[PDB]
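# Quick one: experimental structure and sequence below.
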Amino acid sequence: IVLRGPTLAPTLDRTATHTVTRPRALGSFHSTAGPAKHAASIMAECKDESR
Amino acid sequence: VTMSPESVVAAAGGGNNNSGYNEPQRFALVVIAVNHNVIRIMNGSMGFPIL
């Protein structure tokens, strides 16, 4: 009778189970900030020519 | 990039039969770049660690 290496099929594991899909990592590179500021304009209360 | 006198004269028409530039010719510019990236594999997921 014919003799040969028996064929064994691996089993177990898990394929396409409980898809998560969360690989994103937040963060990027762009400009830092802007150094801008302003004062409260200029007030003027003067009349009568007090020298 | 600087064009060529052949290009500037072939842009207009006036070419004779079987000349290719019989009709006015239009040109476009294309730029390609090949860059490097890193892919991290962990917990059965694929994602860029640097984005």
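Yep, it's here. Numbers count the residues shown, from 1 in each chain, chains lettered A, B, ... in the order given.

# For the closest residue to chain A within chain B, give me its contacts.
Chain A sits closest to residue B:47 of chain B, with a gap of 2.4 Å, by Cβ to the nearest Cβ. (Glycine included, C-beta is placed from N, CA and C.) Going by Cβ atoms under 8 Å, 6 or more residues apart in numbering or on different chains, residue B:47 touches A:23, A:24, A:25, B:39, B:40.

# Now the two most distant members of those.
The span of the contacts of residue B:47, defined through Cβ to Cβ, is set by A:24 and B:39 at 13.5 Å.

# For chain B, what's its nearest residue on chain A.
Counting by Cβ to the nearest Cβ, chain A gets nearest chain B through residue A:23, at 2.4 Å.

# Torsion angles phi and psi at that residue?
Main-chain torsions, residue A:23, degrees, to the nearest 10: phi -100, psi 0.

# With adjacent residues omitted, what lies nearest to it?
residue B:47 (2.4 Å; Cβ to Cβ, 6 or more residues apart in numbering or on different chains).
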